[PDB]
C-alpha cells in the first residue's frame, strides 16, 4: 500500500520524519535504529518535543516494537541499536527505503552499508560529497532508478533556496546571486564555549552568540539547478533560536522586474506547480509563525526589497526541522512511485 521505511538515527530529523510520515500517511515506517536511544527512551523523545509540542497521538513500547498511532493509522516499528549500519536487518524488517539521518554516513561508501542489510534505497538526510542530490519540486524528476540507489535530499537551506531561485531564474534569469541564511541553533552546536575542532566558531556558546558560518547550500543550488552552477554562493549566521530559519538571497536579474512582478511569479508557482513546496505570504510574520510549517520555502513578500529592477533582495522562511523532514517523506514517496 505504502512504501516501507527504515530510519537510521532517531534525532531531530529522524523523529520528525516519523511525525511527518504519520500525519501525511504516504509511507509506512517499520524500523528505527539508534545505538544511543533504547526503546523506552525513543518513546519519551518522540512523545515530548520542546519545539514541536506533544506528539498528537499515542506512542508506546510493546513487544520490543515502537507503537505509534494517530487514531487513523498504527505503525509497528522494529527497534535496533547497532552502531554499524551494516548490521541493521532492514530486509527482515521490510524496510525497503532507509532514511540515513545520523549525520555520520553521508558518503556513498558509508551509506551503502544499508544495502548490505537488505535495503534497496537510501536517502541521506544531508548534503553528500558524491551521492546525487535532489530537491523536491526542482530536480527530483531527474532521479534515475536503475543507477541512483544511494541519494541525498540535500540540506534544509538548499531546499529553501532552490525552489525560490528556480522560480526567479525561470522568470527573470539570475546572472549571479549571493545568499545569507539566518539559521536557528542545531545539535552540532554547544551550550557554552566548547570543542569544535574542525570549525572553531561553531563551538562558541550558541545561546550567547551570533555566529558566522560557511555553508555550501547556495553553491549546491547549482547542482539541483545546473544552469546556475557557479552563479550562486553564500554563508550563514547562526543565532539563538531553537528552530526556523530564513534565507536572504541577493541577486542580479537579467530581465528587469518590479516587486509586483516578482510577487506575482512566486504566487503563481505557490498556487500551482510548486504547491506544498513553495508558499507565499503577505502577512507580518516572524520566525515562530513557521514552527511546524510543512513547506520547503515561504516567500516573505513584505520583507523583500529592491534597489532597482535588476538588483533585489529576496526573503524566504523555512522550518529547517519540519519542512525538510516533510521533504524526506515526499522524496521517498516520489522514488517509490518510480
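Positions refer to the first chain, counted from 1.
When the mean C-alpha temperature factors of 70-78 and 103-111 are read from the deposited coordinates, 70-78 comes out higher. Taking the PDB entry as given, 216-224 carries the higher mean Cα B factor of the two stretches 216-224 and 158-166. In the PDB entry, the Cα temperature factor peaks, among 243, 260, 193, 96, at 260. Per the PDB record, 251 has a higher Cα B-factor than any other of 184, 251, 122, 135. Compared with the other modelled residues of the chain, the Cα B-factor recorded for residue 197 ranks in the highest third. Among the modelled residues of the chain, residue 64 sits in the highest third by CA temperature factor in this PDB entry. Annotation for residue 189: C-alpha temperature factor in the lowest third relative to the rest of the modelled chain, per the entry.
Per the PDB record, residue ranking by Cα B-factor puts residue 29 in the middle third of the chain. The deposited CA B-factor of residue 290 belongs to the lowest third of values across its chain.
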